[PDB]
Structure formats: structure tokens, C-alpha cells
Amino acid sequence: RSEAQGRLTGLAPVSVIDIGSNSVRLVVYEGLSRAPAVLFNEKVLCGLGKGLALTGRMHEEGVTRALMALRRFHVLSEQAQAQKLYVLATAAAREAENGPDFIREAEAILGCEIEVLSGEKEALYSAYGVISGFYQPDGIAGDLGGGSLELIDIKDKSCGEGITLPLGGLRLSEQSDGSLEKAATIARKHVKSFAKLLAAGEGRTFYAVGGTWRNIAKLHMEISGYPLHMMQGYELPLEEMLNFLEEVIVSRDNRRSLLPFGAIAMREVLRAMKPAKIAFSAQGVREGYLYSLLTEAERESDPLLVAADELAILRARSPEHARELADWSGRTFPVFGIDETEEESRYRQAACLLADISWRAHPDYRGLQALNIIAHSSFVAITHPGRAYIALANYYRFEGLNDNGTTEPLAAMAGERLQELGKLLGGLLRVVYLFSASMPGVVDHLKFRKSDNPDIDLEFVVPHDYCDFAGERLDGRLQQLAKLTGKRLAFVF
């Protein structure tokens, strides 16, 4: 039914509809897997939660718009060829007198049962979304929605019991009657009740989830001119964050904005918690829900290495060679005395899996195209410095170990240690490509080792078979490596 090679095989697309207190959203994924791409996305800001705190009903004008959006989401899901649909709804639908009627009507439109979450499940699925999107997280997640603020402790693949605070942006702005002062008093009082839970987050990371907070992050990126407009893993120290929140709070000198009330919610949490830093999550309840439906093996898999391998499958001349490299660089690094952290090893593996993705690009731009595709991919479980590292390693592999004006800013984001490790990988891959042509079967017969020679640090050993690959070019790229590493290299059969 399709010529499409640009689509991962073995995956049937799946639609997830998320009915929230503010937005109603459709996303279609390639499949229910660890790292699928988004095949379609749509969001309508219905405001089902407007007035709910005051009236006990979802906003009727919002009910009308939400139902219209669902009719359209239904036909888009079909047109997008989704074979399964999951629908989630806000806990608000339970606290609304018109909730049951609304859900019934939504179910008739979508032909499908709707999972209406509890505050407990909202907190749980917020935590799963952080767990799924970060490598070894540690701190407290906060998901600010339209009506509620969920807080839950996180450590690696575990979470604590969630708490739910009535401090969502819609609720707080309505209850405060738009008074920033009153909004502060309400936030302060409710946060105060959980001083102990929060106090346990001091010096750890605050994981900030949800639309209003994501909007606070986007605005700070724009005003500070941050070069990578990438929510996932965007991180600020506590003091920079508290400082920017004060500015959001006092932005009188749309007056219908939730941003100040959201700013107050976060400030009151951060004052009770005192985390070292705030890390933003593009992933939330919806992604945490899907995480819970994966298999155990998929939950356990590394979403960065899964996405990097998928890109190799999709773009490399040889996916099999991409994996060879990852293992080979693994064995070689310790021979160059590099003692890498597990985070560093993860990133090197990713870099190797991504090393051949730009091969069809005009030769003058292969390095630059690699750098941009890598930097702009929707990876999770990678820090911004880690993105810089993987982009750099692959740029350096094409354009040499020299720094220039296009490497500078990535070098500044990576920091010195990751920049150096990147040069080393780029240097190592260049010597290897002269034997491999980016195809398998060759690289496992190449190796560095120690010398008995007092006047040689490492020896590069090639089979006598591969002597016709050898010459002036190898010796050039081998001398560049020796220069970089400060080690006397030697070639042998």
C-alpha cells in the first residue's frame, strides 16, 4: 500500500486524544513504542476549566468547542491511518456536574471509551512522563495544569506518592479574583501544608511539567536569546529561575494571561523546595500514560539509543556498521585512557549510531547537515550539553579537528570535557572510515594497544590483508590523532 521507506517498519500508528482543562489535543505516533515520531499534532484551547472552581461545571462554551474539536480529531485519526485510539480526560470532568454528560457525548463522537483520570493518576502519569524522558532523574516533578498542581518525588525509575494542590492557573486566577497578592497568599498557604515533602527536594532537580510552565520556559529562552529552542532538558539554576519569575509576576509595568499566576505557583514551590535547578519536560501525563502501556523491555530500553538506532536504520548506508562503531569506540576509549561516566558512554554510542545520517548531502555540507539534524532532533534523555557533544563529534568527523565559528557555540554549550571527548571520537572515526567506507566487516580488525617500545605510547594494528587501504592519508589522520591526544602513535601489521 506504500513506497514509503521513511517510515519505521513493524509499527502501526496510534492516536492519543487528551481532553484537558485548557487544551484538547490530538497526537498520532508512528507506533506504541519507546521512541516513535509524531505523525500528526493538533491543539485547540477550549477552556473546559473556565469557571469550574466557582460554578461546579465545565464552561459550556468550552464544552461546545471541545466536542467540535473531537469530531475533527476523529476524522483526522482515520485519515492519518491510526489503528488504535487512546483517549484521556482531566480529573476536572469528575468534579463537574456536566462532566458525565460531556464524556458520554465525547465517547459517541470518538467511538471509544475515555479514561477519566483521578488526581492520583494525574500525579502518577506526570511522574512516568519525567521518568520516561530523563536519564536517572532525581528530585520532585511539578505538573501545573489549569485547575491543579501535581507534585511527586522522583528517583531513577521510581516515584513517591503524589499530592494535588488546587493551584492550577485558571483556578488560582479565578479564586484570587485576578489579585496577584491574593494568588500569592493562596499558593503560600497550600504549599505550606506540604513543607516536608518539598523540603526533601532541596539541592535536587525540580522537574517542571505543563503548558503554562513550558510557556514560562519559552519566554525566557526568547528574552535571553538562548540558542537552542528545545524544551526538553532546558535547565536553569534556582536563582536565575526565581529572578525571571519575579519579572513574569510583575508584567503589568493580554491582561487575561495565566503566566503570572503560574509564575506565583512555581515561586511558592521553589521557595519551599530550594532545588539546585529547574529542568523543563516536554513530556507530561499523556506521555506517562503511554509509557505505562509499553512492555517492560521497552520501558527499560534507553530512548536516546533507541531513537539514534532508528535514525541509522532510516538513513545510514549500513545500520549494522553504525552499531559496530558504537562497540568499537567503546573498546578503544579506555586504551586512550578515557575513563568515561555512563552518561558519556551513552552519548558516544549515540554519536556513533548517528555518524552516517547525512551521507547524501553534498560533500561540502555533510558535516554541517549532520550537526543540524542531530541538534534539531526530538531526542529525550539527553542534556543540552549532550546534544552539543553528539552534534560536535559528527561535525568534527567530517570537517576535521579544527574549531571554527559554527563549532564555537556548541563548544560553549558542551563544555571542555565533552568538546575534547568529541574531538577524540571525530578523530578516531576518521582513521576508521579509510578502511570501512562506512560498511561493516572491517572495523573489528582495527585496534589500538600499548607498546613495549619506550618511545611509543600506542600502536595502531591493522591486518596485513588491509595493507592496500594504507598510505599517506592514514598517516596524516593518525598524526592528527597523536597530536590531539598527545600520544606517540605507531602503525603496525
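All residue numbers refer to positions in the sequence shown, first residue = 1.
Stretches compared: 312 to 320, 338 to 346. Higher mean C-alpha B-factor in the entry: 338 to 346. Looking at mean Cα B-factors across 286 to 294 and 401 to 409, the upper value is held by 401 to 409. Set against one another, the Cα B-factors of 194, 134, 207, 73 in the record reach their highest point at 194. As recorded in the entry, 254 carries the highest CA temperature factor of 254, 79, 243, 158.
When the modelled residues of the chain are ordered by their C-alpha B factor, residue 396 lands in the highest third. When the modelled residues of the chain are ordered by C-alpha B-factor, residue 30 sits in the middle third.
Ranked within its chain, residue 438 lands in the middle third, by CA B factor from the PDB record. In this PDB entry, residue 128 carries a Cα temperature factor that places it within the lowest third of its chain's modelled residues. Among the modelled residues of the chain, residue 98 sits in the lowest third by CA temperature factor in this PDB entry.
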